[PDB]
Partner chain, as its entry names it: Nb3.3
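Heads up, the chain below is alone and in the form solved without its partner chain; it's given as structure tokens.
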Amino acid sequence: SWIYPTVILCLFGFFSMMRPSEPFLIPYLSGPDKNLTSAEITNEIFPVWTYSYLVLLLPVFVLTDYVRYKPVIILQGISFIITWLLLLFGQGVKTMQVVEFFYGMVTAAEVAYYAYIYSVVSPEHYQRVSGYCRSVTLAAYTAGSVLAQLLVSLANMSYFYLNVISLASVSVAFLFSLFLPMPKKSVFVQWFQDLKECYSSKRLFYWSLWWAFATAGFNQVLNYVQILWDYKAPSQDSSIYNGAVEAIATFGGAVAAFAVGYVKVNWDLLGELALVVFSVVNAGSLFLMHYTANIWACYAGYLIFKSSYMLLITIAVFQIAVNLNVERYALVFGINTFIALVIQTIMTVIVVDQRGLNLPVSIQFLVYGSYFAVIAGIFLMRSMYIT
């Protein structure tokens, strides 16, 4: 019953994130392929992606539930084709901003990817499905990652052909999304009131708050983990190591996500326990990622953080899906990702951006670990409040 939609969406998400260009993205548009300077790739190109992500998530959670979650995925698939098509044959920064915009489209519609399956499978499978979905996505990345590595370590494949393989993968993902089964069917203040009815669920607003907050710190860690590794071990070869470790970490997260789907354990009573334990694990790993000036210890801490957070976000998505009791799967997922991106952008402005505090990378992860520890303690003091 649930096997065909789950398998098709898992194949889509695998081929929509099996992107060998992703680990070698910055070298691709900063090397001979595009000849863009590094001060226009991060101060003018990536903020465009962030802004497009915000303004494209804004109509995702509003409209994805109404359109039954397939067109936004199909819009994600087509915009994957546009993103990497302009990433392949678009020179200069004028076209690359448009690509950052379409990648914001694909990332905002990635909310539809997660929320579609809960609108097409019964709640009983919401655990298993969840894991698998998240797992395959993470598997996707690490697959692409390791694939990319081999293509640059054994076949000297140029970054342009890495992006070509990425486009071919997301093209197969678009074809799989075309074959996704269509889910069955089903002023402003009222809409907000509906959101209030959609957010008054049991053990969901707190999982939502974790999603709205912990994933912002996770995305900050994702962005600046390579910079932390460069600070810890300024090695010329470390690059091939760095992304590779991400692969393993992502792979770990994959299996961690694959854990949540596979284990026949009840998160109804262990949801709070899993939240507390693995949020404390994330905080401790982030502190370990910073406090210990050992590159191998930092890699292990990053693997632990990524795997535990992937497990936690899988539990969060599953628990929100079962406890939602409203058809708006992508509204809560979409607004969760939008609020998380808002918090991530705000803490990027303060923590690392020149406009804010501009904290060096040797205290960046200190404050990231402090942020995750604050999140965990908030969910510590919630358990004590429950008593």
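Residue numbers count along the first chain shown, from 1. In this text, the rigid core denotes the largest set of C-alpha atoms whose superposition between the two forms falls within 1.5 Å.
Quick note: we don't show the form solved in complex with its partner chain, though the next part is all about it.
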task = Just give me the single entry in 298, 152, 93, 248 that has a non-hydrogen atom within 4.5 angstroms of its partner chain in the entry with it bound.
result = 93
Single option in 56, 340, 36, 347 placed near its partner chain in the entry with it bound, where near means a heavy atom within 4.5 Å = 36
query = Looking at its partner chain in the entry with it bound, do all three of 120, 122 and 268 come within 4.5 Å of it through at least one heavy atom?
reply = no
ask   = Counting only heavy atoms and a 4.5 Å cutoff, which of 325 to 333, 47 to 55, 65 to 73, 353 to 361 contacts its partner chain in the entry with it bound?
value = 353 to 361
task = Please look at 286, 173, 106, 133 and say which one has a C-alpha shift reaching 2 Å or more between this form and the one not shown, core superposed.
result = 286
query = Does the distance between the two CA positions of residue 205 reach 2 Å or more between this form and the one not shown, the core being superposed?
reply = yes
query = Any CA movement of 2 Å or more for residue 92 between this form and the one not shown, core superposed?
reply = no
query = Honestly, after the rigid core fit, is residue 52 moving at least 2 Å at Cα between this form and the one not shown?
reply = no
ask   = So the Cα-Cα distance between residue 102 and residue 354 shifts by 3 Å or more in the entry with it bound; is it shorter or longer than what we see here?
value = closer
request  = Explain in one word, closer or farther, how the Cα atoms of residue 77 and residue 334 are placed in the entry with it bound relative to this form, where the distance changes by 3 Å or more.
outcome  = farther
